[PDB]
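A.B. asks: before the rest arrives, take these chains from my complex:
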Amino acid sequence: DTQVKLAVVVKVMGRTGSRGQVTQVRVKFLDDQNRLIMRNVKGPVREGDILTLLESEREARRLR
Amino acid sequence: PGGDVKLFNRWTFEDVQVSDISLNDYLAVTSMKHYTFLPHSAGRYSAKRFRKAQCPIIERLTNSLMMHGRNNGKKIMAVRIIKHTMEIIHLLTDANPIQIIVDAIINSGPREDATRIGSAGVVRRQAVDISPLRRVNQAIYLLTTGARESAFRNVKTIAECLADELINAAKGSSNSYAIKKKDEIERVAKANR
Amino acid sequence: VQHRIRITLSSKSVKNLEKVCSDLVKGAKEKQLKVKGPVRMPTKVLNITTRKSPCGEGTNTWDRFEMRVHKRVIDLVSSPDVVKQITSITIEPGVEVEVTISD
């Protein structure tokens, strides 16, 4: 039973996508504040946003 | 805090409490500044990026109401419909109809979506997460389209269609166009996970 | 004795009109007339839109011309012999003067 986890967008690493549509960011977990995992987000995002994250394992890789 | 400001002078903003600390930033209901009496304002928004996370939630929805061409460009009818809906939300639940609006906005927002990503040289779609601001954007658009196509060629009126959809969505049932489309977008993205 | 005369003055040029009116005005102040002006009147802007092509093909591109006509008046409380005592000094280019005896 996967429970949604929230993470904060500490710094935006870039704006990836084939068409330039996906921001590619670093999320720092609120629950255990040593887990920095790197993800793809859709839509306007700026630094510090709390982000609802259904699955934790799925991560991006630099220039995914 | 000090809040002798009720929109339409009857609907108290105080005691507004959003569970999502994700959207506590992106909903204009809490801090002393976003309160306004009326969801109509001659705002200079859209001049700069992210300025709309500060637009009042009710005005921002009212802007999404005035849609499909015959109805583009008349905000007064939009705020009128908001008032009639906004009244009858109270006239059904007897709770802060503002709480109903905001809880529906929260509960009708996809948490994962499928974009068209490619990597390493080839493209085919992939699921991504939802920045909370486009969460809120799409909830507004999608609740409003639900109401509009519930009211098209139907004797029932738009104010009360929209009230019906907000009430059952903020309830959380799968009786709203809004939550149905939410859940299908979420399950497609879960598929392409 | 001292009658009521009006001076109707208009041109195409801002600078040139502003020079002529000030010439008449200081003329009036040298002779200590009862002078009232120069009242400014709203500028009439003749305009034309013309398809700048002479044959009619290519992108439909128009050009707009505008002649501005600037309207000014001054009231003088004088006798017309004093009026021609004054208003004989040089008149700068392009400006137009049409003194009228009023009620």
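C.D. replies: That came in fine, so what should we check first? Numbers count the residues shown, from 1 in each chain, chains lettered A, B, ... in the order given.
A.B. asks: surely residue C:24 is within a helix?
C.D. replies: Yes. Counting by DSSP: H, G, I helix; E, B strand; the rest coil, residue C:24 is found in a helix.
A.B. asks: quick check: it touching residue C:88?
C.D. replies: No. With contact defined as C-beta atoms under 8 Å, residue C:24 does not reach residue C:88; the gap is 10.9 Å. The C-beta positions use only the backbone N, C-alpha and C, and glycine is treated the same way.
A.B. asks: who has more neighbours, the two?
C.D. replies: For residue C:24 versus residue C:88, the count of surrounding residues by other C-beta atoms under 10 Å in any protein chain shown is larger for residue C:24: 22 against 9.
A.B. asks: the more buried one: what's it in contact with?
C.D. replies: Applying C-beta atoms under 8 Å, 6 or more residues apart in numbering or on different chains, we find residue C:24 in contact with C:7, C:9, C:38, C:74, C:86, C:87.
A.B. asks: redo that, cut-off 6 Å
C.D. replies: Applying C-beta atoms under 6 Å, 6 or more residues apart in numbering or on different chains, we find residue C:24 in contact with no residue.
A.B. asks: if I look at it, how far off is chain B?
C.D. replies: Going from residue C:24 to chain B by C-beta to the nearest C-beta, to the nearest Å gives 47 Å.
A.B. asks: whichever residue of chain B sits closest to chain A: how many residues sit nearby?
C.D. replies: Here chain B gets closest to chain A at one residue, residue B:134, 2.8 Å apart by C-beta to the nearest C-beta. In terms of burial, residue B:134 registers 19 neighbours under the definition other C-beta under 10 Å.
A.B. asks: just the element for it, please.
C.D. replies: Using DSSP states H and E, residue B:134 sits within helix B:132-151.
A.B. asks: packing partners for that helix?
C.D. replies: With contacts taken as 3 or more C-beta pairs under 6 Å, 6 or more residues apart in numbering or on different chains; DSSP states H and E, helix B:132-151 sits against helix B:57-65, helix B:158-171, helix B:177-191.
A.B. asks: here's chain D, add it to the model above:
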Amino acid sequence: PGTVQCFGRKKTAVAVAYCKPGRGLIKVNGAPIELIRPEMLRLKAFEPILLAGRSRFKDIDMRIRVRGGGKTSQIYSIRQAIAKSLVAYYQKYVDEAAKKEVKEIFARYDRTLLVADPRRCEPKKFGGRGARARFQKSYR
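C.D. replies: Take a look at chain D, now in place beside the chains above:
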């Protein structure tokens, strides 16, 4: 020696509020402000009045007049001219510091009560009806 005549401006709607130090009158065009008639945008014209309170009006009469513009433009001029006449009257006749609380309440609620909006209708360019639109384009 109280007499102010202070205005407010929107797209083209220009509103001028001239005051006496009377008692409580606040009219628009001789008609009470209580009747301003976008009758959903009847909150807007009252916003200065309800932000301040009548207690800040028990010594003033506002025979505010509005000319030109549209309808909501006129509401948004009336709001502005009420706010700007209030701050001008306090600043010149109550006190600067006492006026500071009024400006900080108003600019706390919003800033567009006091300062005009520079936005206007911008001219339409040939080759398409619309300020920023164009004719529909066909290749074949």
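A.B. asks: now with chain D: the contacts of residue C:24?
C.D. replies: So residue C:24 contacts nothing (C-beta under 6 Å, 6+ apart).
A.B. asks: I'd like to know how far it sits from residue C:1.
C.D. replies: For residue C:24, the distance to residue C:1 equals 22 Å [C-beta to C-beta, to the nearest Å].
A.B. asks: can you pull the residues of chain C lying near chain A?
C.D. replies: Contacts of chain C with chain A, taken as C-beta under 6 Å from any C-beta of the partner chain, are absent.
A.B. asks: so which residues of chain C form helices?
C.D. replies: Here chain C has its helices, by DSSP state H, at C:14-30, C:80-86.
A.B. asks: tell me which residue is most central in chain B.
C.D. replies: Taking C-alpha atoms, centre = their mean as the criterion, residue B:140 is the residue nearest the geometric centre of chain B, at 3.1 Å.
A.B. asks: which non-adjacent residue is nearest that one?
C.D. replies: Take residue B:140 and drop its neighbours on the chain: the residue closest to it by C-beta to C-beta, 6 or more residues apart in numbering or on different chains is residue B:64, 4.8 Å away.
A.B. asks: how many neighbours does the one you found have?
C.D. replies: Residue B:64 has 19 neighbours, counted by other C-beta under 10 Å.
A.B. asks: one more: residue C:49?
C.D. replies: Neighbourhood size, residue C:49 [other C-beta under 10 Å]: 10.
A.B. asks: same thing with residue C:45?
C.D. replies: A count of nearby residues for residue C:45, using other C-beta under 10 Å, gives 9.
A.B. asks: do the same with residue A:7
C.D. replies: The burial count for residue A:7: 24, using other C-beta under 10 Å.
A.B. asks: what's the spacing between the residue of chain A found nearest chain B and residue B:50?
C.D. replies: Nearest to chain B in chain A, going by C-beta to the nearest C-beta, is residue A:43, at a distance of 2.8 Å. Distance from residue A:43 to residue B:50, counting by C-beta to C-beta: 11 Å.
A.B. asks: contacting residues around the most centrally placed residue in chain A?
C.D. replies: The residue lying closest to the centre of chain A (C-alpha atoms, centre = their mean) is residue A:39, at 3.6 Å. By C-beta under 6 Å, 6+ apart, the contact list for residue A:39 reads A:27, A:60, B:129.
A.B. asks: slot chain E in:
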Amino acid sequence: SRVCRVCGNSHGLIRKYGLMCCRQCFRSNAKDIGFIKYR
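C.D. replies: Same chains as before, plus chain E:
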């Protein structure tokens, strides 16, 4: 029964203000009649 003061052509006149020229003769004599084109 109306032509240019200029080229005697009965198509595309500019009759407003009494120019009585065609749209092309008016461009040809445009800036000397005094239609200074600020815009």
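A.B. asks: the neighbour count of residue C:49 again please, chain E included this time.
C.D. replies: For residue C:49, the count of nearby residues is 12 (other C-beta under 10 Å).
A.B. asks: close enough to count as contact, it and residue C:64?
C.D. replies: Yes. Counting by C-beta atoms under 6 Å, residue C:49 touches residue C:64, with 5.3 Å between them.
A.B. asks: so how far is residue C:33 from residue C:60?
C.D. replies: Counting by C-beta to C-beta - residue C:60 and residue C:33 are separated by 56 Å.
A.B. asks: the more surrounded of the two?
C.D. replies: Higher neighbour count among residue C:60 and residue C:33: residue C:33, with 20 against 13, using other C-beta under 10 Å.
A.B. asks: phi, psi for that one please.
C.D. replies: Backbone torsions for residue C:33, taken as degrees, to the nearest 10, come to phi -70, psi 160.
A.B. asks: buried stuff in the lengthiest strand in chain A?
C.D. replies: When chain A is parsed with DSSP state E, its longest strand is strand A:5-16. By neighbour count with 16 or more other C-beta atoms under 10 Å in any protein chain shown, strand A:5-16 contains the buried residues A:5, A:7, A:8, A:9, A:13, A:16.
A.B. asks: which residue packs closest to the third one, ignoring adjacent ones?
C.D. replies: Put plainly, it is residue A:8. Residue A:8 sits nearest to residue A:28 (C-beta to C-beta, 6+ apart), 5.1 Å away.
A.B. asks: ok, the first one next?
C.D. replies: On the basis of C-beta to C-beta, 6+ apart, the spatially nearest residue to residue A:5 that is not a chain neighbour turns out to be residue A:53, at 5.1 Å.
A.B. asks: tell me how many other residues crowd that neighbour.
C.D. replies: Residue A:53 has 21 neighbouring residues, counting by other C-beta under 10 Å.
A.B. asks: repeat that for residue E:11.
C.D. replies: Burial measure for residue E:11: 9 neighbouring residues, criterion other C-beta under 10 Å.
A.B. asks: residue contacts, residue C:6?
C.D. replies: Residue C:6 makes contact with C:75, C:100, C:102, according to C-beta under 6 Å, 6+ apart.
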